[PDB]
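One structure is given below, encoded as structure tokens.
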Amino acid sequence: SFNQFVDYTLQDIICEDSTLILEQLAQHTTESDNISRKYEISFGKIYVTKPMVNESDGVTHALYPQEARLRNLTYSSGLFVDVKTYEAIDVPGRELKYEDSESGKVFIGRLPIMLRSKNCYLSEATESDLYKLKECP
Amino acid sequence: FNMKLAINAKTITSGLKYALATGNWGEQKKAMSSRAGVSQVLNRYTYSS
Amino acid sequence: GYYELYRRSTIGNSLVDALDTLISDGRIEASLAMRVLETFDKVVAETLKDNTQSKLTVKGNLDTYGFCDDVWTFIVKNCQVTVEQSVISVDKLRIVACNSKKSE
Amino acid sequence: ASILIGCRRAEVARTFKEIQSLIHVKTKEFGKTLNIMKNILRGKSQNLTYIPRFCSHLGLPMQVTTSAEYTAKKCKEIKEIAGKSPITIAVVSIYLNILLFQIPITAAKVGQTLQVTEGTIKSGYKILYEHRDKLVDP
Amino acid sequence: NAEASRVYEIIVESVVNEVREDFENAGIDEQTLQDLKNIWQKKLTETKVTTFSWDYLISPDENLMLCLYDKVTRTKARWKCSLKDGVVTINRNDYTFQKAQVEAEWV
Amino acid sequence: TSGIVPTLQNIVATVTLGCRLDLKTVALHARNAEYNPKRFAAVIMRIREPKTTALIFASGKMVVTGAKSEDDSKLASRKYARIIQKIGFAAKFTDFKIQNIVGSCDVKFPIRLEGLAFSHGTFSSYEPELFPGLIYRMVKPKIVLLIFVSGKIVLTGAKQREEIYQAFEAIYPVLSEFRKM
């Protein structure tokens with residue numbers, strides 16, 4: 001269930017509602033005329049990290065579950081997502097052509113990841129390494 | 001387009017963390033339309049348990 | 001609206017002298033004459049805008065300056081003029097200019 | 001001003017560039033307000049801490065951080081304030097540390113990595129080029 | 001200067017092309033216009049400036065100039081001047097430009 | 001006790017005239033050009049040999065600056081009044097009142113600015129980030145003192161040279177004992 005929610009269902013729930021536009025032609029008469037200032041914001045492909053925790057005045061460590069468990073952290077990985085003028089003018093008559101980015105991959109937040117997931121550290125350990133990390137196989 | 005997305009990050013991170021820590025299934029608005037026992041603490045008295 | 005400063009040149013002096021000879025001849029109306037001088041100010045403005053290309057530079061020392069409204073009391077004493085080849089030694093140069101951007 | 005004072009007195013030193021990037025307060029009224037908050041709190045009554053955030057933003061292990069601390073204290077001790085808010089030469093301490101190692105963290109990258117001038121980087125490189133003598137521990 | 005000479009030929013052709021309509025609405029013959037023309041040539045050869053094809057208050061031979069500018073500034077004694085689109089009559093030699101610079105210092 | 005005298009960078013004094021003057025008539029009578037009428041309601045002139053600056057209001061209420069000497073400012077105001085009467089308007093010389101004197105000097109040794117700011121924390125005020133100099137305002141007499149790392153001590157606030165040197169030996173021991181190295 002978790003793996004399904006991470007691999008799909010997340011990109012889906014983003015891409016179903018990505019668009020948000022405030023394209024301003026004039027929103028009144030004149031303004032002489034004016035042009036169709038496409039202020040548009042839309043989201044593209046998303047990204048997910050490994051579990052990864054910073055502290056105050058600190059580096060952002062690669063976390064590990066025992067260390068989180070001892071220090072009362074929350075085993076979470078960050079998410080950060082891409083974000084996306086060139087217009088079309090209308091005066092009164094005719095109409096139907098009254099139709100931004102400036103950056104890339106902005107941060108959106110971090111979600112608590114589940115142990116042994118696709119993106120957990122521990123789904124790739126050998127027994128010996130698992131013992132090295134000090135948790136029970 | 002930058003300063004508000006960080007408090008946005010705080011909102012969704014806080015929401016998920018709060019829901020999983022508490023068990024009430026709803027945002028920080030005193031649990032409307034919600035269920036209680038959704039995120040219990042793991043029982044670890046015995047491997048079978 | 002363009003300034004009428006183009007009469008301080010040798011061409012301006014010769015043109016004003018010839019038109020004063022014609023005014024003494026009494027053959028040219030006064031309002032017509034100001035319209036005529038205004039047309040010279042226009043045509044000399046665009047022909048000095050486009051019918052010249054090169055660069056010459058004068059280096060000297062100022063002795064006249066101050067703080068008033070834009071009628072530049074600038075005199076340069078003992079300056080040097082070179083063009084692009086020909087180097088000209090100068091004892092005293094007058095500089096007056098006024099606003100170049102179009103004032104509405 | 002209140003955020004910076006509280007965050008600084010919690011011993012979390014943050015850069016004025018980051019404060020201005022979060023909220024532009026044109027760097028002047030911010031300064032006057034910081035002075036009047038200083039005076040108010042004075043009446044009512046840490047540069048070394050900047051380095052781990054930058055090496056965090058560059059992703060390097062502990063030993064360059066320790067070397068940076070040692071070099072910063074030593075160059076602080078002797079001479080060469082050299083730079084008008086010497087956070088710049090604090091940064092070029094890391095620059096000479098990573099030149100002491102062999103990991104490609106070129107200054108052309110570093111300048112926009114830290115929103116800092118590359119010419120200041122090379123000037124710090126020169127002023128530490130003639131001052132290599134007592135900056136390395138082992 | 002061939003450049004200066006052609007500049008005065010352009011301006012004299014421009015002024016004689018401009019005055020045609022004005023003196024025809026004034027209703028005067030071309031003979032008087034040629035009289036103004038050769039008065040112009042005799043005055044320019046009288047000036048003989050360039051080789052032609054033909055106390056604390058206010059107090060010719062002095063060298064005269066006119067131009068426009070871009071921007072003027074000073075460093076506390078030394079005014080630097082940007083110049084464009086002008087003409088200078090320098091030591092009985094006349095020269096023009098579309099750009100120039102005055103590099104002088106006030107004492 | 002200082003062993004060195006500070007130097008003055010500017011003397012700013014107020015010399016009124018008590019006579020109504022018209023700045024645009026002065027502009028038409030002038031010998032000058034650098035002014036925007038839509039920039040200030042007082043005219044500015046710097047004459048040549050003393051390089052002193054006048055800020056003439058419409059009633060002759062003027063504050064001299066750009067001067068390094070009090071008598072130089074006085075003769076400058078005399079020259080200005082002479083200029084105004086040469087224009088044709090009354091301008092009688094009036095009180096030569098100093099409101100501020102600007103000075104700067106050096107002492108040429110490294111300094112302990114943190115020790116200065118922490119110990120003298122009544123009037124001392126220093127931050128290293130936006131400025132390399134300390135802010136100090138001693139109240140007896142009320143004189144403001146600024147402290148570079150390099151020893152550039154720029155001085156202002158005193159209405160007289162004797163008080164600005166009085167500030168200088170007032171601050172010289174506390175500067176001298178707070179040196180670095």
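Residue numbering restarts at 1 in every chain; chains get A, B, ... in the order shown in the structure tokens, and ligands count up from 1 in that same order.
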
Proximity of chain A to chain B: per-residue shortest pair, 6 Å limit, only C-alpha atoms, as JSON lines:
{"residue": "A:108", "atom": "CA", "partner": "B:9", "partner_atom": "CA", "distance": 4.8}
{"residue": "A:109", "atom": "CA", "partner": "B:9", "partner_atom": "CA", "distance": 4.0}
{"residue": "A:110", "atom": "CA", "partner": "B:13", "partner_atom": "CA", "distance": 5.6}

At a cut-off of 9 Å, which residues of chain F touch chain E? Count only C-alpha atoms and give the answer as a JSON list (two decimals) with C-alpha atoms, in the first residue's frame.
[["chain", "number", "residue", "atom", "x", "y", "z"],
["F", 30, "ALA", "CA", 24.35, 84.24, -11.97],
["F", 31, "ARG", "CA", 27.62, 83.16, -13.60],
["F", 47, "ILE", "CA", 33.06, 79.70, -4.51],
["F", 48, "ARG", "CA", 36.47, 78.86, -5.87],
["F", 49, "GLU", "CA", 39.32, 79.57, -3.48],
["F", 83, "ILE", "CA", 27.75, 89.18, -4.35]]

What's the 7 Å shell around residue A:89, counting only C-alpha atoms, without same-chain residues fewer than 2 positions away, as a PyMOL selection string? chain A and resi 25+35-36+87+91+97-98

Go ahead and save the residues from that selection, with C-alpha atoms, as a compact mmCIF listing (two decimals), in the first residue's frame.
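What ended up in result-v9.txt:
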# COMPACT_ATOMS: atom_id res chain seq x y z
CA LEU A 25 -5.62 41.10 -19.80
CA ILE A 35 -2.10 43.01 -22.74
CA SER A 36 -2.78 39.53 -21.37
CA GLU A 87 0.29 36.24 -24.47
CA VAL A 91 -9.82 44.52 -27.01
CA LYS A 97 -7.73 35.18 -27.71
CA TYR A 98 -7.39 36.73 -24.23

Near chain F, meaning an atom within 8 Å, which residues of chain C appear when counting only C-alpha atoms? Write them as a ChimeraX atom specification. /C:64-73

Residues of stretch 33-104 of chain C in alpha helix (DSSP H) according to DSSP, as a ChimeraX atom specification? /C:33-50

Using only C-alpha atoms, determine which residues lie at most 9 Å from residue E:85, disregarding the query and same-chain residues fewer than 4 positions distant; provide the list as a CSV table (one decimal) with C-alpha atoms, in the first residue's frame.
chain,number,residue,atom,x,y,z
C,45,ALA,CA,19.1,69.4,-35.8
C,48,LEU,CA,23.7,67.1,-37.3
C,49,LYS,CA,22.0,64.0,-35.9
C,50,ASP,CA,22.8,61.9,-38.9
C,52,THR,CA,28.3,63.2,-39.0
C,53,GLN,CA,30.0,60.1,-37.8
E,66,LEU,CA,27.9,73.9,-29.6
E,67,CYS,CA,26.7,70.4,-29.0
E,68,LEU,CA,24.4,68.1,-27.0
E,69,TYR,CA,25.4,65.8,-24.2
E,96,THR,CA,31.8,68.5,-36.2
E,97,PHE,CA,30.9,65.2,-34.6
E,98,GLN,CA,28.2,63.0,-33.5
E,99,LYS,CA,30.1,62.2,-30.3
E,100,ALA,CA,32.8,64.0,-28.3

Closest of D:92, D:13, D:138, D:21 to chain B - atom-to-atom distances counting only C-alpha atoms: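 That would be D:21, the residue with the smallest distance to chain B.
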
When you look at residue F:14 with a cut-off of 9 Å (counting only C-alpha atoms), what residues show up, excluding the ones that are within fewer than 5 positions of it in the same chain? I need them as an NGL selection string. :F and (61-65 or 95-99)

Tell me, which residues of chain C carry DSSP strand (DSSP E or B), written as a PyMOL selection string? chain C and resi 55-62+74-83+87-89+92-95

I need the chosen residues saved as a compact mmCIF listing (two decimals), in the first residue's frame, with N, CA, C and O atoms.
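To be explicit, this is the file written out as result.txt:
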# COMPACT_ATOMS: atom_id res chain seq x y z
N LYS C 55 34.73 60.99 -34.28
CA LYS C 55 34.92 61.24 -32.86
C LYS C 55 36.18 62.06 -32.69
O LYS C 55 37.26 61.66 -33.13
N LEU C 56 36.04 63.22 -32.05
CA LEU C 56 37.19 64.00 -31.64
C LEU C 56 36.98 64.41 -30.19
O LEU C 56 35.84 64.55 -29.74
N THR C 57 38.08 64.57 -29.47
CA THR C 57 38.03 64.71 -28.03
C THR C 57 38.99 65.80 -27.59
O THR C 57 40.11 65.89 -28.09
N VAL C 58 38.54 66.64 -26.65
CA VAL C 58 39.33 67.75 -26.14
C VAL C 58 39.65 67.49 -24.67
O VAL C 58 38.79 67.01 -23.91
N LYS C 59 40.90 67.73 -24.30
CA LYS C 59 41.39 67.51 -22.95
C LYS C 59 42.03 68.80 -22.47
O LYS C 59 42.94 69.32 -23.13
N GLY C 60 41.58 69.31 -21.33
CA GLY C 60 42.17 70.52 -20.79
C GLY C 60 41.94 70.71 -19.30
O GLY C 60 41.98 69.76 -18.53
N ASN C 61 41.73 71.96 -18.89
CA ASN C 61 41.44 72.29 -17.51
C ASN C 61 40.40 73.39 -17.46
O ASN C 61 40.50 74.39 -18.19
N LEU C 62 39.40 73.22 -16.61
CA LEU C 62 38.35 74.21 -16.49
C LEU C 62 38.78 75.36 -15.59
O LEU C 62 39.64 75.21 -14.72
N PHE C 74 31.02 77.18 -18.91
CA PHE C 74 32.21 76.35 -18.89
C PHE C 74 33.25 76.96 -19.82
O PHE C 74 32.99 77.16 -21.00
N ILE C 75 34.42 77.26 -19.27
CA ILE C 75 35.56 77.68 -20.07
C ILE C 75 36.71 76.74 -19.74
O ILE C 75 36.95 76.44 -18.56
N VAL C 76 37.38 76.24 -20.77
CA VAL C 76 38.55 75.39 -20.60
C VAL C 76 39.75 76.14 -21.14
O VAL C 76 39.77 76.54 -22.31
N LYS C 77 40.75 76.34 -20.28
CA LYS C 77 41.97 77.02 -20.65
C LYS C 77 43.05 75.99 -20.96
O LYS C 77 43.16 74.97 -20.27
N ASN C 78 43.81 76.26 -22.03
CA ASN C 78 45.02 75.50 -22.38
C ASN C 78 44.71 74.03 -22.63
O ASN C 78 45.24 73.14 -21.97
N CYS C 79 43.83 73.78 -23.59
CA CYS C 79 43.41 72.42 -23.91
C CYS C 79 44.00 71.95 -25.23
O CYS C 79 44.69 72.68 -25.94
N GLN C 80 43.73 70.69 -25.55
CA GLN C 80 44.28 70.04 -26.72
C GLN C 80 43.18 69.30 -27.45
O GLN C 80 42.36 68.63 -26.83
N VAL C 81 43.18 69.41 -28.78
CA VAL C 81 42.15 68.82 -29.62
C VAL C 81 42.84 67.88 -30.60
O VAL C 81 43.76 68.29 -31.31
N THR C 82 42.39 66.63 -30.64
CA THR C 82 42.79 65.71 -31.68
C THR C 82 41.55 65.05 -32.27
O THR C 82 40.52 64.90 -31.59
N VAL C 83 41.64 64.68 -33.54
CA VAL C 83 40.51 64.17 -34.30
C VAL C 83 40.81 62.73 -34.71
O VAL C 83 41.82 62.48 -35.37
N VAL C 87 46.25 67.00 -34.59
CA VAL C 87 46.30 67.39 -33.19
C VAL C 87 46.40 68.91 -33.14
O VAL C 87 47.30 69.51 -33.75
N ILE C 88 45.48 69.53 -32.40
CA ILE C 88 45.36 70.98 -32.35
C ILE C 88 45.58 71.43 -30.91
O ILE C 88 44.90 70.96 -29.99
N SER C 89 46.53 72.34 -30.72
CA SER C 89 46.78 72.93 -29.42
C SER C 89 45.96 74.20 -29.26
O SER C 89 45.94 75.06 -30.14
N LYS C 92 42.44 78.68 -25.16
CA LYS C 92 41.23 78.95 -24.39
C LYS C 92 40.03 78.50 -25.19
O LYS C 92 39.90 78.84 -26.37
N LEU C 93 39.14 77.73 -24.56
CA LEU C 93 37.95 77.23 -25.21
C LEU C 93 36.73 77.56 -24.37
O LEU C 93 36.74 77.36 -23.15
N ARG C 94 35.69 78.06 -25.03
CA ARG C 94 34.40 78.29 -24.40
C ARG C 94 33.54 77.06 -24.62
O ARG C 94 33.53 76.48 -25.70
N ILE C 95 32.79 76.68 -23.58
CA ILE C 95 31.81 75.60 -23.69
C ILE C 95 30.51 76.06 -23.05
O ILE C 95 30.48 76.35 -21.85

Quick one, how far is atom CA of residue D:45 from atom CA of residue D:33?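 For atom CA of residue D:45 relative to atom CA of residue D:33, the distance reads 17.9 Å.
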
Name the closest residue to residue E:23 among the candidates C:17, C:28, C:51, C:6; distances are taken between atoms, counting only C-alpha atoms.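 Among the listed residues, the smallest separation from residue E:23 belongs to C:28.
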